[PDB]
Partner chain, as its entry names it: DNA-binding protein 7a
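As C-alpha cells, one chain now follows by itself in the form solved without its partner chain.
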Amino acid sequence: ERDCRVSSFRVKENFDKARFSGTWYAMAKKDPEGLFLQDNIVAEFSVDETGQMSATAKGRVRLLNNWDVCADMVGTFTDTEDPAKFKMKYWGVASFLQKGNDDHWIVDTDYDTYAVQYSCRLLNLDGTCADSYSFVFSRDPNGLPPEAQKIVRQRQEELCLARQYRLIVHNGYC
C-alpha cells in the first residue's frame, strides 16, 4: 500500500526546538553509504536567543583499517518552510573528521522519550531514497518504554526502513 517516496514521508507537525533541546541517546541506526558513526552515539541539541538550533554529537567511528576514534561533531541547523525539516551543516572539531550538509528531518518525537530522525542524502529517479540514514533517539540511555518503542517501530515502517536498523551500543567508549 504505502509509498516509499521521500516527499510522502510525514514529519513532526508543529515541531518545537526548545522542547527538543537536551541530551539524546542513539538506540538504533540505519547507516548510510560509506563512513558513519558506529556506536556509543550521544547527541546534545541546543537552540539560541535567535531560534537557531544546533548540536554536538559523539561516537565511535572506525576510521580505515581499525583505527577507532571517538569523534566529536558539530552540526548547525538551518530552518526550512517545514518546521520539522532542516538543513544540517556539520563538521568535526578536528579538521580531518568528516564535514558535510545533510537534510535532517524530525519524523516524530515526543520531546520527553523518543525521537525518530531521517535523512535522505540521495534520491532515486523514482522519488524514493537512494541513500538515507535514520536515528532512533532515546532520552534514557537504557532504551524506550514499550509504548514508545511501539510507535517508533511504526515509524521505522512508514520510512520503508524497518528491519534495516541496528542496535547501537553505549559501552563506555567515548
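Numbering follows the first chain given and starts at 1. Note that the rigid core is defined as the largest set of C-alphas that superpose within 1.5 Å between two forms. Shifts are known only where both forms have a C-alpha.
Form solved in complex with its partner chain: not shown, discussed below.
At a distance threshold of 4.5 angstroms between non-hydrogen atoms, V42 is out of contact with its partner chain in the deposited complex. Its partner chain is not shown here, and in the deposited complex it never comes within 4.5 Å of any heavy atom of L123. Heavy atoms of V47 never reach within 4.5 Å of its partner chain in the deposited complex, leaving it off the interface. With a 4.5 Å cutoff on heavy atoms, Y111 does not count as touching its partner chain in the deposited complex; it lies far away. Comparing 126-134, 23-31, 64-72, 139-147 against its partner chain in the deposited complex, the single stretch with non-hydrogen atoms within 4.5 angstroms of it is 64-72. Taken together, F36, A94 and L97 are fully in contact with its partner chain in the deposited complex: each brings a heavy atom within 4.5 Å.
Annotation for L64: C-alpha shift of 2 angstroms or more between this form and the one not shown, rigid core superposed. With the core superposed, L97 shows a C-alpha displacement of at least 2 Å between this form and the one not shown. Compared with the form shown, the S95-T78 C-alpha separation increases in the deposited complex, the change being 3 Å or greater. Pairwise change in the deposited complex: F96 and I41 C-alpha atoms lie closer than in the shown form, at least 3 Å.
Here is what shifts between this form and the one not shown when you lay the two on the core: runs of at least 3 residues, every Cα off by 2 Å or more, at 63-67, 94-97.
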